[PDB]
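Neighbour counts run over all protein chains shown; Cβ positions are idealised from the backbone, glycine included. Only the coordinates and a few stated rules stand behind these numbers; no lab work does.
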2 protein chains.
Amino acid sequence: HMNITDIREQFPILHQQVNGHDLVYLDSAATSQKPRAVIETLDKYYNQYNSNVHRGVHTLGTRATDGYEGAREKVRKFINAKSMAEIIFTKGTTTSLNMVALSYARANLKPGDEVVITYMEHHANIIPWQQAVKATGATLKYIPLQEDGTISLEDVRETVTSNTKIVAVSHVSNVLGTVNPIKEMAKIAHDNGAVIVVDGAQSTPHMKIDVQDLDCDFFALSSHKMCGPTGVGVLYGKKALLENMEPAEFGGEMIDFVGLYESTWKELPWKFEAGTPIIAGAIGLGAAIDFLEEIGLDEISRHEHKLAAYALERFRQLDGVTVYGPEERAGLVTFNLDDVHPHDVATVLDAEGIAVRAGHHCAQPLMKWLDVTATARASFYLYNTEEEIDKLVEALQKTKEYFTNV
Amino acid sequence: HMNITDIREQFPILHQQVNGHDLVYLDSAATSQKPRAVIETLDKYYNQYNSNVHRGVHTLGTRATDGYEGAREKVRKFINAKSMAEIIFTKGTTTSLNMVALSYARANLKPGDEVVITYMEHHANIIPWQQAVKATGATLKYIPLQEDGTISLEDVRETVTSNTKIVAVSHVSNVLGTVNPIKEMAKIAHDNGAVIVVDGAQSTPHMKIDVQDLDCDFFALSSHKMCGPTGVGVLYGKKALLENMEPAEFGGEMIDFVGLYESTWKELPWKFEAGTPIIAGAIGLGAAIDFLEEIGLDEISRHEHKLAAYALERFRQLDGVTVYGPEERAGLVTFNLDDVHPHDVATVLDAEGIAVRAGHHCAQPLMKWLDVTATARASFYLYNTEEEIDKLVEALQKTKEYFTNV
Ligand SMILES: Cc1ncc(COP(=O)(O)O)c(/C=N/C(C(=O)O)C(=O)O)c1O
Ligand SMILES: Cc1ncc(COP(=O)(O)O)c(/C=N/C(C(=O)O)C(=O)O)c1O
């Protein structure tokens, strides 16, 4: 069973004060902190075997290559892809989704075709499609939400038609905490002749991913949200789809033959990795996976279920506070205080050492759906505790009192 | 004056053996090693102030933002851009050039328009243009090289016409070591109504860059070649050009307003930075710049002039070896042994602890121009010494003897 003291001990950043109070970091949905295992992986790379990638040239070059390709296999195993050919290293979830929008959607959309998304999508999983449909003259449609911020499969079946070519949807909402029924949405997309594109930025850090079981056609994730370095992510795609897609970027490493005017591409996955890769970051992402696997994703998910249930209960103890989204959820709470702008909530909480985020959370259409212009969000991970949630709710109570007096 | 002992002391990776011999790393054109100042910058970021970017939310968030935007200013100063609006963080030189090819070239090319490049270009500065001209029905042309692998301005004037819209060329060749006359090429492009795109991946680490003096329209560089982290680079563009270019990628952070179907973009530079940025890497690149500035780029350039002159002289002492390119050059030597495949040269050198690269160096058209299928390359940086070059030439002599006997 997961010992939170022993876990927290591995994250040096947690052990400091802000404005004279112990740090209470509740913004892991914006980005996660790193354990020493990951930081020391980066250190060991740059101290010992940094070199460009390509085996059989020199000793450090081979070690760097083995580290990079080793990390690719770690990722394959971690999301249960069939093949390393299906695992592409990118700069992050946003780039991954843009690659699908550029290389897949822009080549498979014509007037009359639909791309179906949802009102709860992050911008990363909206704007690329807005642009893909404009370029092709296709139509963008939205699946409606139920009143508690979940999606009913009946509404999916209604919105998706035989003209739908792509359904794109979040696994987990970074605002509502909703866990969408991706496996069942994939069947509805496939039944209609569509592919499904899953935004896994908020799911992958926090619960097991099995792409064969989900049967998603594409899946995108970010390192920085799952204890890993910044600047790296993954695009998973089914091999038969990737084979038929053209590259999104061109250069060295992704070519086989280069003539004056024409070139041929390398096989997968390298076809989609142009230039010197994100060597250190990818290796550190592999170390993040190792670390998360050692703890156990199921264990992490159980911890967060407990935190979430505790937070929702304690928020219900506060008058004058609204929480958005459903009871069954991931480890985050987005809320507003009745008489206090969420930016001022965040400011006052930070003076008590508590880090939360305020704003639209890159989901302006969802904020409109919620009839608000902004919200505050506390988001959790494997290093957070019930005591920290106690601190949050006590601070929210004091916040209300403080703005009442003023 | 630059003390090479004190410089080498700061690079932990240099102090190890390969196959029982002291490491002799001569592959800095593939990638550079890092000093403790940069590694410790990454450490301090992840140990102390990692958070997503956006000021005025919480204390670590503001510190991360100030670090990231601080690094942007460091870069601006370093290449003498006018404005931080002209400094875009990317994943590397390759992505930077692809962004120009996508957002600039594909919007400003029609049948009859020309893109002019050179035979010595790296793939990163070939394939994006091949693709841009195919998409628009424009024409790709090549500036010819002189016999010593330099470019004459007369040939530039001949190749560039009033139908030329883009000239793209390397500052420094990663194979020939040629330093191209970029400032004079820019005047010829401008006189013809063209923009100039400069591939600065091999120049920026090794000599001062002044984009106002060069008058380049775009300039691309990589962190990993200039003592900085992997996975990060810069695209510089003149502000008036960037203003009129559309984004290459879409998502959070680069938007202002998002509706269901339409969005507006943020101002520069953020218009071109979609999603959570490369926070740690950018900060570490700023630390690489600080480190390089403290030593002095002119000092580094003088050291490499000395190494290059010494290497060329010592290579001329070897029978049965060909060196490609000119006498006046950057700090690298590409060569072949008369009777030995360069892959076998690299293998045998690595057993003596010496790291060089063999192959086409991502310049297959240049290899064809040279009438070879592959070459070996020794490339230098601020931590390398004449003693290391002695080791290289002694090993090449032994290599020749060894394959003669066999
Ligand atoms: C569900 C989901 N989809 C996409 C993203 C963007 O991932 P990124 O490219 O790593 O910024 C994210 C990351 N969202 C962060 C961020 O925008 O800071 C957050 O929710 O604060 C997300 O949670
Ligand atoms: C002149 C020049 N142009 C572009 C690049 C590609 O930069 P990258 O995107 O950091 O791989 C490079 C990096 N070339 C390396 C590499 O391909 O490993 C080398 O020359 O070995 C270059 O030197």
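Taking a 25 Å limit on the Cα-Cα distance, which of the listed pairs A:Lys91/B:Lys183; A:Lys141/A:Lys208; B:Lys74/B:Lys225; A:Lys34/B:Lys239; A:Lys74/A:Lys187 fall beyond it?
Checking Cα-Cα distances, A:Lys91/B:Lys183; A:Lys141/A:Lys208; A:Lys34/B:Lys239; A:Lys74/A:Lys187 exceed 25 Å.
Which percentage, to the nearest 5, of the DSSP beta bridges contained in the range B:35-295 is antiparallel?
Antiparallel: roughly 45 percent of the beta bridges in the range B:35-295.
For every helix of n ≥ 4 consecutive DSSP H residues, a contribution of -39,500 (n - 2.57) applies; sum these over the protein assembly as shown, divide by its total residues, and give [θ] at 222 nm rounded to the nearest 500 deg cm²/dmol.
When only DSSP H runs of four or more count, the value is -11500 deg cm²/dmol.
Name the helices (complete DSSP H segments) of chain B with a Cα length along the long axis of 15 Å or more and a Kyte-Doolittle mean of at least -1.0, or state none.
Span-like helices, by this rule, are B:59-79, B:279-295, B:297-316.
Arrange the following residues from fewest to most other Cβ atoms within 10 Å of their Cβ: B:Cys362, B:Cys227.
So the ranking, lowest neighbour count to highest, is B:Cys362, B:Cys227.
Work out how much length B:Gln212 to B:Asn163 would gain on full extension: take 0.36 nm times their residue separation and subtract the Cα-Cα distance, in nm to one decimal.
15.1 nm
Assume the label is 7 Å from Cα along Cα to beta carbon: what separations in nm does A:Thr161 have to the matching positions in the other copies?
5.0
Taking a point 7 Å out from Cα toward Cβ as the label site, list the nm distances between A:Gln48 and the same residue in every other copy, smallest first.
Ordered by increasing distance: 2.6 nm.
Please report, for A:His190, the nm distances (one decimal) from its label point, 7 Å out from Cα along the beta-carbon direction, to the equivalent points in the remaining copies, shortest first.
So the label point of A:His190 gives 5.9 nm to the other copies.
Is the range A:212-262 best put as rounded, prolate or oblate by its Cα gyration tensor, with a ≥ b ≥ c the root eigenvalues, rounded for a/c under 1.5, and otherwise prolate when a/b is larger than b/c, oblate when not?
oblate
Under the definition of Cα pairs under 8 Å and six or more residues apart, what whole-number percent is the relative contact order of chain A?
Averaging sequence separation for qualifying contacts and normalising by length gives 22 percent for chain A.
Calculate the spin-label point distance for A:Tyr402 paired with B:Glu184, positioning each point 7 Å from the Cα along the beta-carbon direction, and give it in nanometres.
6.6 nm
Using a 10 angstrom Cβ neighbour count of at most 12 plus a DSSP loop assignment to flag exposed GluC sites (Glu not before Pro), which longest range of chain A is free of such sites?
A:1-146
How big is the charge dipole of chain A about its Cα centre, in debye rounded to the nearest 20, if each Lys and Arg gets +1 on its Cβ and each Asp and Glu gets -1 on its Cβ?
1020 debye
With a cut-off of 15 Å, note down the residues of the range A:81-96 whose backbone N falls inside the zone around a label point 7 Å from the Cα of A:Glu243 toward its beta carbon.
Those under the cut-off are A:82-87.
Note down the net charge around B:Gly359, summing +1 for each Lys or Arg and -1 for each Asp or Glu among other residues with Cβ under 15 Å from its Cβ.
0
Work out the mean other chain Cβ neighbour count within 10 Å for the residues of B:245-258 and drop it here as an integer.
6
Charges at C-beta only: +1 for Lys and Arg, -1 for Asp and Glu. How large is the resulting dipole of the protein assembly as shown about its Cα centre, in Debye rounded to 20?
For the protein assembly as shown, the charge dipole is close to 820 debye.
Name the shape class, rounded, prolate or oblate, that the alpha-carbon gyration tensor gives for chain A, where a ≥ b ≥ c are the square roots of its eigenvalues, rounded holds for a/c under 1.5, and otherwise prolate holds if a/b is larger than b/c and oblate otherwise.
Oblate shape, in that a/c is at least 1.5 and b/c is the bigger or equal ratio.
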